[PDB]
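Student: Chains as they are written, first to last, in the authors' numbering: chain E, 3 to 464; chain D, 320 to 464; chain J, 64 to 187; chain B, 1 to 577; chain I, 61 to 120.
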Amino acid sequence: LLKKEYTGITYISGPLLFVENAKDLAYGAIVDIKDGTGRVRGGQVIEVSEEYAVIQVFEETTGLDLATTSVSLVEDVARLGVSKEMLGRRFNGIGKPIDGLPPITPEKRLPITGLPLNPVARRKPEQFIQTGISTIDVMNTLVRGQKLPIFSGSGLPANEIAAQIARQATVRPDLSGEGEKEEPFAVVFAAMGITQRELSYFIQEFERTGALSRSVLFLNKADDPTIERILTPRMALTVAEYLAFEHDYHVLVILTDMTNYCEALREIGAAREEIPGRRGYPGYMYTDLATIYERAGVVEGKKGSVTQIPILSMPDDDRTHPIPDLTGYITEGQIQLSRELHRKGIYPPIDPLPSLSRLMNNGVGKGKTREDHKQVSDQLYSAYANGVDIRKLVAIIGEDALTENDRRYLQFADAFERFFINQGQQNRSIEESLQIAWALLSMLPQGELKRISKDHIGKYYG
Amino acid sequence: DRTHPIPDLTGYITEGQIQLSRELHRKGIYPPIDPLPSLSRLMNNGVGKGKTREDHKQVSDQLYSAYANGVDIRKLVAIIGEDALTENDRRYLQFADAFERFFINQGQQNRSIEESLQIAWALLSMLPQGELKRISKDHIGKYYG
Amino acid sequence: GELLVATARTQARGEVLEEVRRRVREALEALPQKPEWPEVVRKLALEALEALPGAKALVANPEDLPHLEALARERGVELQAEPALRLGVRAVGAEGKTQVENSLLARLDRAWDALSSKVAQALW
Amino acid sequence: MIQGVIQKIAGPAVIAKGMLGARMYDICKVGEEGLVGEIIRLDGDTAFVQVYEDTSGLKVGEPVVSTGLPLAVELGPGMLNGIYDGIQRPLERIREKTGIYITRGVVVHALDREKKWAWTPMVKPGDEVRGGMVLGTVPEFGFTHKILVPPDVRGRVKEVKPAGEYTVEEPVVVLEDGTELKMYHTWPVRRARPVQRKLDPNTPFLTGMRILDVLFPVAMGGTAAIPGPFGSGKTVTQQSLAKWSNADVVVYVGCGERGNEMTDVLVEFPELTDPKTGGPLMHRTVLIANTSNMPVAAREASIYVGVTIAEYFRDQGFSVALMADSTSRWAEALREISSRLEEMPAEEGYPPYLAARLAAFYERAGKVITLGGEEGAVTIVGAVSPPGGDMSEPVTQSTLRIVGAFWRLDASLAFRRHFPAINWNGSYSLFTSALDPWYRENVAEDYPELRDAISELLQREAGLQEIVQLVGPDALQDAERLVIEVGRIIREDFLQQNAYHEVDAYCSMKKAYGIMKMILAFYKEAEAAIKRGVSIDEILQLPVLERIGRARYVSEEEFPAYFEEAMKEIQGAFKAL
Amino acid sequence: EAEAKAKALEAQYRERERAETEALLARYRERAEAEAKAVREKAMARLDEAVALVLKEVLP
Ligand SMILES: Nc1ncnc2c1ncn2[C@@H]1O[C@H](COP(=O)(O)OP(=O)(O)O)[C@@H](O)[C@H]1O
């Protein structure tokens with residue numbers, strides 16, 4: 003393969019550089035930038051005319067000039083050389099191995115931007131997963147092949163909940179009839195602007211629990227240049243689509259802190275003066291978050307799956323910033339860690355009223371988890387919601403003026419929050435979580451529980 | 320509101336603030352400086368021995384403590400009844416009223432520094448000595464007449 | 064310990080391929096002593112000026128500035144010598160700013176990926 | 001060497017033409033005076049030099065001379081006890097030569113080229129040297145200031161000058177190549193000093209307060225932020241961190257801040273004593289001042305010069321504490337260089353790479369093992385002055401994703417004069433887990449249980465404060481009410497640090513633990529004594545309670561004799577009711 | 061005495077898991093160097109045809 007080298011770079015500012023008299027670069031191609039002291043940087047063509055070509059630059063732009071810096075074409079579509087002997091490695095945000103080991107010998111060259119999966123050829127995500135977190139396994143059920151992120155605040159423990167899920171998430175065949183045959187999870191752990199203090203947590207967690215032999219890590223630390231975050235989720239999802247849909251794995255993708263990704267493309271989309279949505283983020287960001295999140299799910303006819311837990315760090319911990327707003331319009335569920343429950347020392351500080359999982363109703367119920375599962379979930383939301391809006395009434399009229407079957411609500415609420423939500427690093431199975439939910443519902447009088455059918459309210463109450 | 324850009328961007332560059340108050344103005348008190356939101360970020364230098372009289376910093380401290388305590392108790396006496404309050408709280412209410420009628424409301428006259436300090440001690444003699452915590456007892460002996 | 068075995072396997076495999084590739088660079092840089100190479104350099108110059116229409120000049124090592132000269136008069140192109148360019152010859156396009164390199168070193172380091180898959184498959 | 005002339009002069013930015021070939025982020029002398037500016041936005045054959053100094057009087061046609069290097073600091077011996085301005089030139093020598101005003105374009109060396117330093121080598125000819133290996137040492141003040149090979153340089157030692165006393169510019173170690181090594185080397189500020197690997201922090205940074213080392217600690221390689229509105233301190237706490245720490249050196253960088261701060265630090269520091277070595281407390285601090293009226297483009301680079309000098313003392317194996325003051329004024333400088341450059345902003349004028357720059361600033365912290373093999377750490381405390389109080393800024397949130405401990409100063413709690421104004425609802429700290437081996441080793445065994453009890457009393461008292469405001473505070477039952485009174489004793493005794501007192505401005509872990517034990521013994525025996533049934537109206541005027549409320553006022557050396565007597569007086573006090 | 065017996069069980073118990081640890085890890089280490097030597101046995105056994113393959117396909 004020959005190598006063309008264009009020169010005549012007109013303009014270099016910020017992320018962007020130009021090259022005029024350059025016509026034979028494809029749109030979306032990769033370039034490598036070769037400065038005067040002999041150092042390759044990466045780049046990607048984002049606009050081509052017959053005159054010029056605009057390149058965005060992955061590494062930092064210091065040290066470039068205009069009488070050197072040749073631009074050489076590579077990979078007219080952006081590819082990743084994917085292999086299966088790839089499940090013990092670390093990588094940085096371009097795919098270059100950063101553990102000292104040799105580069106991998108590519109079985110395939112997949113295109114990094116993916117292709118949209120065919121909505122006939124999907125399969126409805128059926129099979130239950132359990133996480134050992136009772137709020138998740140009961141009220142916001144995760145099923146396999148599902149997008150649901152974790153909305154969290156500034157300084158909540160979200161990395162610990164994601165590592166806890168990936169430590170103990172197993173699929174139960176005792177309740178479904180599949181047969182054991184137990185395949186555990188490959189983990190594709192993508193990370194965008196983690197500092198060191200969270201990276202050391204995840205690496206110590208994985209090397210303890212024995213997961214670095216099944217996980218491929220795509221680390222983009224926060225001192226690496228801030229545009230290769232645009233490649234990193236696509237790297238991780240191309241690897242996940244490979245390992246799931248062509249080798250029958252059951253892949254779990256942890257996409258750390260999408261707020262850093264979304265700021266990484268606000269930066270690029272405001273080097274181009276592209277007209278924004280709200281609070282500066284560009285008009286097309288929904289399509290980018292869509293092209294990341296919707297590369298998940300199961301396939302009809304295959305055994306693979308991709309299950310995504312993205313993480314969000316909601317800026318002023320609200321659901322109205324454009325990043326949680328759009329992220330909940332794409333995916334199917336979210337779980338919101340609440341700041342208020344965290345200050346009570348409660349771990350995992352989920353609160354159920356602003357969290358949900360849309361694929362609960364597929365995978366819970368008789369024959370597949372237990373027949374009373376969905377109604378228990380309904381009644382817990384009803385009772386705890388009534389307890390919270392009677393706390394808002396305690397907040398003016400004082401504790402004394404509450405009657406009865408009101409104080410049992412008010413005691414249901416905090417007994418709930420400190421016996422059901424609060425748990426340490428323990429793994430509670432679904433029988434444990436359901437019998438604790440019946441224990442908590444036993445406090446209410448039997449005639450109050452109006453969303454539970456009478457046979458289930460008979461054979462479990464008390 | 321202090322969060323307007325001119326109050327806060329002055330408040331970052333300067334060395335304290337002296338804040339006039341709306342509510343003290345409507346009571347005919349003049350100059351209507353209330354002493355609770357105000358402070359000098361300096362004034363540890365410009366007080367004390369030689370530069371002022373000796374007992375200056377402690378008197379200023381004790382006025383701020385006693386007037387803060389009196390204004391808290393006349394916030395609370397608006398809520399609870401005006402008799403359900405113990406013995407020292409009556410002297411704190413009488414101190415806050417005597418303070419803002421005699422110390423602040425000076426009107427027109429050009430008070431010297433010792434006239435201000437002897438009005439300060441004249442208002443502090445409305446309190447028992449065990450209620451005067453910050454002033455070390457030598458100044459209590461010399462002054463407090 | 065299974066990680067230890069796996070890392071031993073991957074590093075020994077990688078040292079095998081790097082040994083293969085160093086031998087390949089050795090055979091490439093031992094081509095230009097063996098007289099089949101000026102029969103070769105014209106082919107890559109040929110494909111270079113194929114893909115680069117309007118190619119103003121050719122720049123090469125003076126190993127084959129005396130050689131290609133009569134083999135490029137009919138090319139209508141100017142020839143110059145700027146050595147340190149072994150095993151190939153590159154085509155300066157229209158008034159600078161665009162140039163096409165073809166050379167055995169660059170062909171190796173840009174074909175090495177698909178050749179690594181196929182070579183590892185033929186080797187193991 | 002690429003030389004051109006000025007084309008346009010738009011405010012504090014100068015657009016020079018004729019400069020084909022000058023690299024980006026170089027440093028180019030603009031003007032006929034020789035001002036210092038910096039290339040961004042190459043375009044055609046044209047630079048975009050932001051000048052650091054003010055720019056009144058430049059005509060068109062004056063030369064612009066590139067130097068072909070990015071912004072480099074000089075690192076070597078002679079920096080401590082030093083006030084440097086933003087571009088690292090010593091202000092005391094500016095006052096020697098210029099006058100008492102900072103004029104435009106004075107050229108002095110950051111390290112004095114005349115000073116005699118004793119050299120004592122540690123290598124032989126033929127010894128290999130690599131990046132970051134120590135060569136010999138220089139005694140500076142109370143330090144074994146050890147010089148070190150620049151982090152790019154490898155090779156073998158050909159010849160070493162023997163032990164004498166020399167100058168900073170003296171070529172002392174010659175390699176086997178023709179590479180000289182003097183006692184200083186220059187480093188580009190926008191690049192990290194490399195490390196071998198980065199340890200995770202397990203060791204507290206004893207800030208010397210009583211709330212910020214007990215309730216919200218911060219480890220040694222840690223990052224912490226102090227956001228606060230005006231008039232809520234935020235500078236008295238930065239100075240109490242400057243004085244009363246356990247850092248070995250302290251790089252106090254003020255960028256865009258009151259000038260009286262810096263002259264307080266220059267006047268009152270050389271008559272203090274660091275409680276680690278003796279000697280003046282000014283002998284360990286390097287302070288980089290860029291006062292608010294000094295030019296606004298240099299307070300971008302002031303932060304980077306500070307973090308590079310702290311990394312150099314990191315690589316010598318110290319525990320450095322960098323304190324950036326008003327990173328929000330740094331972000332304002334990024335705004336004013338961005339809108340000058342005509343960009344499209346996002347979220348209140350700030351350029352959208354704000355979190356990229358601020359994140360790569362805070363990332364340079366941490367506890368590492370240096371390339372010489374000896375370990376060392378640099379902690380970073382950043383002051384944030386958000387505009388209207390209003391912690392929903394871009395600067396506050398962008399730093400809030402990445403800093404590890406967060407200290408919210410409330411200005412409502414500093415308008416009734418409660419100092420330090422650290423709120424304990426809103427402020428958090430994520431290093432509280434990893435320090436518990438250190439606590440259970442070196443302060444107590446039950447110290448985590450003890451400060452957990454104190455934080456639970458504060459949460460109970462603050463959640464009960466609402467009904468305290470709602471209905472009568474005498475109209476609550478008394479065992480409930482005792483939580484209110486012990487909450488009062490906590491927040492007027494344990495969190496009430498004076499910082500102008502001569503012995504309350506530093507409280508070690510033993511004395512913090514002693515005051516905690518007094519308050520919890522009082523609480524436990526008064527709770528049990530009211531379970532017995534006594535008078536809460538009588539429980540308060542005990543004279544042991546003033547003995548508690550002034551237990552923060554006795555010295556660190558006369559404390560345990562005070563402490564054990566007060567503990568016995570607790571039990572002796574609650575017998576007799 | 062039940063506590064003392066628990067501590068003695070714990071001490072010999074530590075020794076048990078540590079001996080198992082060291083023997084198994086050094087076992088896996090020497091099997092690792094044997095596997096490395098196995099693929100280096102394969103290495104020069106076929107290397108000339110691979111060099112010939114790439115040295116045909118990289119040449120024009
Ligand atoms: N020089 C430039 N650098 C970066 N972005 C640009 C530049 N010029 C235009 N853009 C952005 O890209 C878009 C270009 O659209 P336009 O040029 O009209 O048609 P086309 O889609 O064919 O390029 C504009 O909306 C603008 O936001």
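Backbone N, C-alpha and C fix where the C-beta goes; we use that ideal spot for every residue, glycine too.
By the three-class DSSP mapping on this structure, what secondary structure does residue 420/D have?
Tutor: DSSP places residue 420/D in helix when its eight states are reduced to three.
Student: Name the residues in the segment 385-398 of chain B whose C-beta lies less than 9 angstroms from a C-beta of chain D; which are they?
Tutor: Within the segment 385-398 of chain B, the qualifying residues are 385, 387, 388, 389 and 390.
Student: Under 7 angstroms: does the beta carbon of residue 381/B sit that close to some heavy atom of ligand 1?
Tutor: Residue 381/B Cβ: outside cutoff for every heavy atom of ligand 1.
Student: Whose CA, out of 162/B, 200/B and 124/B, lies closest to the CA of residue 117/B?
Tutor: Comparing Cα-Cα distances from residue 117/B to each of 162/B, 200/B and 124/B, the minimum goes to 162/B.
Student: Chain D beta carbons: is any one of them nearer than 8 angstroms to that of residue 258/B?
Tutor: Yes, residue 258/B counts as interfacial toward chain D.
Student: Determine whether the beta carbon atoms of residue 266/E and residue 229/E lie at a separation below 8 angstroms.
Tutor: Yes, these two residues count as a Cβ contact at 8 angstroms.
Student: Measuring CB to CB, does residue 439/B end up less than 8 angstroms from residue 447/B?
Tutor: In this structure, residue 447/B lies closer than 8 angstroms to residue 439/B by Cβ.
Student: Residues of the segment 487-506 of chain B with a CB closer than 8 angstroms to any CB of chain D: list them in chain order, please.
Tutor: Cβ contacts with chain D: 500.
Student: What residues of chain B sit near residue 363/D, judged by a beta carbon separation below 8 angstroms?
Tutor: Correct list: 500.
Student: Of all the residues that make up the segment 8-40 of chain B, which are near chain E by a beta-carbon distance shorter than 8 angstroms?
Tutor: So the close ones are 20, 21, 22, 23, 24, 25 and 40.
Student: Does the Cβ of residue 153/E have 16 or more other Cβ atoms within 10 Å, making it buried, or fewer, making it exposed?
Tutor: The residue is buried, with at least 16 neighbouring Cβ atoms inside 10 Å.
Student: Find out if the Cβ-Cβ distance for the pair residue 187/E, residue 253/E is shorter than 8 angstroms.
Tutor: Cβ atoms of residue 187/E and residue 253/E: closer than 8 angstroms.
Student: If distances are taken between C-alpha atoms only, which option among 53/E, 398/E, 391/E and 300/E comes closest to residue 416/E?
Tutor: The candidate whose alpha carbon is nearest that of residue 416/E is 391/E.
Student: Quick one: is residue 433/B buried, meaning 16 or more other Cβ sit within 10 Å of its Cβ, or exposed?
Tutor: Under this definition residue 433/B is an exposed residue.
Student: Would you give the residue range spanned by the beta strand (DSSP E) that residue 323/B belongs to?
Tutor: Here the beta strand (DSSP E) through residue 323/B covers 319-325.
Student: Using DSSP with H/G/I as helix, E/B as strand and the rest coil, what is residue 74/E?
Tutor: Residue state, collapsed to three classes: strand.
Student: Note down, in chain order, all residues in the segment 64-81 of chain E with a beta-carbon under 8 angstroms from any beta-carbon belonging to chain B.
Tutor: Against chain B - using a Cβ distance shorter than 8 angstroms - the residues of the segment 64-81 of chain E are 64, 65, 66, 67, 68, 69 and 70.
Student: Which of the residues in the segment 385-407 of chain D, read from start to end, lie with their CB under 8 angstroms from any CB of chain B?
Tutor: Residues passing the 8 angstroms Cβ filter: 387, 395, 398, 399 and 403.
Student: Does any C-beta atom of chain J lie closer than 8 angstroms to the C-beta of residue 86/E?
Tutor: Not closer than 8 angstroms to any Cβ of chain J, the Cβ of residue 86/E fails to qualify, so no.
Student: Taking C-beta pairs closer than 9 angstroms, name the residues in chain J that residue 6/E reaches, listed in chain order.
Tutor: Chain J residues near residue 6/E: 114, 115, 156, 161, 162, 163 and 164.
Student: Taking the C-alpha atoms as reference points, what is the distance between residue 245/E and residue 186/J?
Tutor: Between residue 245/E and residue 186/J, the C-alpha separation is close to 25 angstroms.
Student: Measure from the C-beta of residue 289/E to each C-beta in chain J and report whether the shortest distance is under 8 angstroms.
Tutor: No, residue 289/E lies away from the interface with chain J (no Cβ there is under 8 angstroms from its Cβ).
Student: To test your reading of the DSSP string, which unbroken alpha helix (DSSP H) runs of 4 or more residues are found completely within the segment 518-564 of chain B?
Tutor: Segments of the alpha helix (DSSP H) lying fully in the segment 518-564 of chain B: 544-549.
Student: Under 5 angstroms, CB to any heavy atom of ligand 1. Which residues pass, going along the chain?
Tutor: Result: 274/E, 275/E and 276/E.
Student: Based on the DSSP secondary-structure assignment, which residues constitute the bridge partners of residue 165/J?
Tutor: In DSSP, residue 165/J forms a bridge with 152/J.
Student: Just list the residues that DSSP pairs residue 159/B with in beta bridges.
Tutor: Its beta-bridge partners are 174/B.
Student: If you follow the alpha helix (DSSP H) that residue 264/E is in, where does it begin and where does it stop?
Tutor: Element bounds for residue 264/E: 260-271.
Student: What number of angstroms, rounded off, separates the C-alpha of residue 423/D from the C-alpha of residue 361/D?
Tutor: Between residue 423/D and residue 361/D, the C-alpha separation is close to 21 angstroms.
Student: May I have a chain-ordered list of the alpha helix (DSSP H) segments no shorter than 4 residues that lie completely inside the segment 219-276 of chain B?
Tutor: Segments of the alpha helix (DSSP H) lying fully in the segment 219-276 of chain B: 236-243 and 259-268.
Student: Touching or not, the segment 449-461 of chain D and the segment 63-80 of chain I, by the rule of three or more beta carbon pairs under 8 angstroms?
Tutor: The segment 449-461 of chain D, when compared against the segment 63-80 of chain I, does not touch it at the 8 angstroms Cβ threshold.
Student: Are the C-beta atoms of residue 94/J and some chain E residue less than 8 angstroms apart?
Tutor: Chain E, which has no Cβ nearer than 8 angstroms to the Cβ of residue 94/J, makes this no.
Student: Helix, strand or coil for residue 178/E per DSSP?
Tutor: Residue 178/E: coil per DSSP, three-state reduction.
Student: Establish whether the CB of residue 563/B and some CB of chain E are separated by less than 8 angstroms.
Tutor: Not one chain E Cβ lies under 8 angstroms of residue 563/B.
Student: Check distances from the C-beta atoms of the segment 283-311 of chain B to those of chain D and list, in chain order, the residues that come in under 9 angstroms.
Tutor: Cβ contacts with chain D: 292.
Student: Can you find at least 3 beta carbon pairs, one from the segment 125-141 of chain J and one from the segment 84-91 of chain J, that sit closer than 8 angstroms?
Tutor: Taking 8 angstroms as the limit for Cβ pairs, the verdict is that the segment 84-91 of chain J does not touch the segment 125-141 of chain J.
Student: Measuring only the C-alpha atoms, how far is residue 425/D from residue 353/D?
Tutor: The straight-line gap from Cα to Cα measures roughly 13 angstroms.
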